[PDB]
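1. Return a 3D structure for these sequence lines:
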Amino acid sequence: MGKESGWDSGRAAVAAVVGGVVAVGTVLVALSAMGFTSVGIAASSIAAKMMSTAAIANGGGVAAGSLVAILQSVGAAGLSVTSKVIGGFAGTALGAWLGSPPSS
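-> Numbers count the residues shown, from 1 in each chain. Below, you will see the structure:
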């Protein structure tokens, strides 16, 4: 299945997804709570329970909502600024900060 897609992994994957739980929190609260509205609102949707949560475009579940656009952007962009801050391009990564120092 597939041919080495960004580190071939199945279960462990989740693990790799864990690394940075906090980051996942801020990212979430960030997306979800894109503003000062989420509490009461969340209480509303919750109170509703089973309403539709469907969009006339994809169908339902697995990507559903404008957030999608954010997924594509934040996806590439994010991963970008990410790895970027990490290494640069398949090489030199993971370390006590090691961007591009004055080396010769």
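2. ok, then the element right after the lengthiest helix in the chain?
-> Ranked by residue count, the top helix of the chain under DSSP state H comes out as helix 21-32. Using DSSP states H and E, the helix or strand that follows helix 21-32 towards the C-terminus is helix 39-48.
3. tell me the contacts of residue 68?
-> residue 58 (C-beta atoms under 8 Å, 6 or more residues apart in numbering). (C-beta placed from N, C-alpha, C; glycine too.)
4. which SS state does it fall under?
-> helix (DSSP: H, G, I helix; E, B strand; the rest coil).
5. returning to that earlier point: where's the longest helix of the chain relative to the chain centroid, distance-wise?
-> Relative to the chain's own centre, helix 21-32 is displaced by 8 Å; criterion: C-alpha atoms, centre = their mean, to the nearest Å.
6. What count of nearby residues applies to the nearest residue to residue 32 once chain neighbours are set aside?
-> The shortest distance from residue 32 to any non-neighbouring residue, by C-beta to C-beta, 6 or more residues apart in numbering, is to residue 38 (6.1 Å). For residue 38, the neighbour count with other C-beta atoms under 10 Å is 13.
7. Look up how far residue 5 lies from residue 38.
-> 34 Å (C-beta to C-beta, to the nearest Å).
8. what's the answer for residue 60, then?
-> Counting by C-beta to C-beta - residue 60 and residue 5 are separated by 26 Å.
9. ditto for residue 48
-> From residue 48 to residue 5 the distance is 38 Å (C-beta to C-beta).
10. Please apply the same query to residue 46.
-> With the distance defined as C-beta to C-beta, residue 46 ends up 36 Å from residue 5.
11. Please apply the same query to residue 91.
-> Per C-beta to C-beta, residue 91 is found 19 Å from residue 5.
12. Check residue 82 too.
-> Noted for residue 82: a distance of 17 Å to residue 5, by C-beta to C-beta.
13. Settle it for me: which of these two has more neighbours?
-> Neighbour count, other C-beta under 10 Å: between residue 82 and residue 5, residue 82 has more, with 12 against 8.
14. Tell me the secondary structure of the more buried one, please.
-> helix.
15. what's the burial count for residue 66?
-> 8.
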